[PDB]
Chemist: 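What follows is a single structure, and I will ask about it in a moment.
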Amino acid sequence: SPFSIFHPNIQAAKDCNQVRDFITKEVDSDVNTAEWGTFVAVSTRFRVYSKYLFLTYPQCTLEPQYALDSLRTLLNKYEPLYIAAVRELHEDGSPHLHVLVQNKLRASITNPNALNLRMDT
DNA sequence: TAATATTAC
Ligand SMILES: [Mn+2]
């Protein structure tokens with residue numbers, strides 16, 4: 001529906017490598033992927049406190065590139081280093097997004113709606 | 001976890 005607000009599941013990513021593999025798992029992920037930055041080689045009430053975020057926007061028609069661009073700005077204070085946003089389909093064929101964000105600084109997310117996004121149509 | 005939802009290492 002027009003001008004829907006999209007709320008993500010926000011998690012601190014436990015293993016960025018596994019998350020990136022997981023969100024690029026589909027054979028056609030290449031044309032459904034937006035990327036920015038350089039991948040960080042990581043060394044091994046609501047609150048998330050991490051440099052590494054794994055976001056899932058269910059039932060979400062946002063273009064990966066525009067989700068990425070807007071998350072870069074919403075997370076700007078934490079100095080994003082790498083973002084990958086990928087569209088996949090639910091079983092019923094409707095789209096959703098997954099995003100991996102790697103920041104320089106640890107983000108303290110206490111508002112669960114902080115990464116909500118509205119689509120411009 | 002909240003708070004979208006069946007998608008989420
Ligand atoms: Mn998926």
Side-chain angles (χ1 to χ4, degrees), chain A residues 1-44 46-121:
Chain A
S1 66
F3 295 96
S4 292
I5 291 166
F6 301 110
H7 171 71
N9 172 255
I10 304 173
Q11 296 190 47
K14 309 286 163 253
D15 181 321
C16 289
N17 299 314
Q18 297 186 336
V19 171
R20 194 185 179 274
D21 286 349
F22 184 79
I23 72 180
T24 61
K25 67 184 163 292
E26 295 302 320
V27 309
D28 58 352
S29 72
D30 53 4
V31 294
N32 284 288
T33 295
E35 275 179 289
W36 175 89
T38 303
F39 186 62
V40 176
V42 178
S43 53
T44 71
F46 180 76
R47 196 180 166 78
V48 169
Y49 183 67
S50 178
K51 302 166 168 190
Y52 310 120
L53 306 174
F54 177 20
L55 314 180
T56 298
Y57 293 83
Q59 293 285 355
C60 171
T61 57
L62 283 196
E63 289 296 308
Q65 183 63 246
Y66 302 141
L68 184 154
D69 289 349
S70 293
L71 285 166
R72 276 185 67 205
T73 183
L74 290 187
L75 294 162
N76 192 54
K77 290 286 184 177
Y78 311 111
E79 292 173 16
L81 296 171
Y82 175 79
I83 299 173
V86 187
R87 177 187 273 162
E88 287 178 328
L89 301 189
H90 294 290
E91 274 173 329
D92 72 355
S94 66
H96 62 276
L97 289 179
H98 301 283
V99 186
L100 172 65
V101 183
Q102 301 177 308
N103 301 302
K104 189 169 178 183
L105 306 178
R106 285 177 291 273
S108 181
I109 303 161
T110 59
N111 172 5
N113 294 318
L115 302 177
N116 287 7
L117 293 171
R118 207 192 259 279
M119 177 162 69
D120 64 341
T121 62

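Quick note on labels: first sequence line is chain A, next is B, and so on, each numbered from 1. As a basis for the values below, the full set of heavy atoms in this structure was taken, side chains included, without hydrogen atoms, waters or symmetry mates.
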Chemist: Which whole-number value in Å describes the distance from A/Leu115 CG to B/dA2 P?
Modeler: 16 Å
Chemist: Round to the nearest Å and state the distance from A/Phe6 atom CZ to B/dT6 atom P.
Modeler: 13 Å
Chemist: Would you call A/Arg72 and A/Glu79 a salt bridge, taking side-chain N to carboxylate O under 4.0 Å as the test?
Modeler: no
Chemist: For the pair A/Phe54 and A/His98, name the ring-plane relationship: parallel under 30°, tilted 30 to 60°, perpendicular over 60°.
Modeler: tilted
Chemist: Do the non-hydrogen side-chain atoms of A/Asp15 and A/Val42 ever get within less than 4.5 Å of each other?
Modeler: no
Chemist: Under 4.0 Å: is that the gap between some side-chain N or O of A/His90 and OP1 or OP2 of B/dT6?
Modeler: no
Chemist: Could you measure between the two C1' atoms, the one in B/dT7 and the one in B/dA2, and give it in whole Å?
Modeler: 15 Å
Chemist: Think A/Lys25 has a side-chain N or O under 4.0 angstrom from the OP1 or OP2 of B/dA8?
Modeler: yes
Chemist: Please give the nucleotide sitting opposite B/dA5 as a Watson-Crick or G-U wobble pair, both distances under 3.5 Å, or none.
Modeler: none
Chemist: Considering only heavy atoms and no angle criterion, is a donor-acceptor pair shorter than 3.5 Å present between the side chain of A/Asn9 and the base of B/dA3?
Modeler: yes
Chemist: What's the CG-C1' distance between A/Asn116 and B/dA3, to the nearest Å?
Modeler: 9 Å
Chemist: In residues 53-78 of chain A, which ones come under 4.0 Å of DNA chain B, going by heavy atoms?
Modeler: A/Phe54, A/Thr56, A/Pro58, A/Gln59
Chemist: Mapping A/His7 and A/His98 to their closest nucleotides on DNA chain B, which lands nearer the 5' end?
Modeler: A/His7
Chemist: Output the rounded distance in Å from NE2 (A/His96) to P (B/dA3).
Modeler: 22 Å
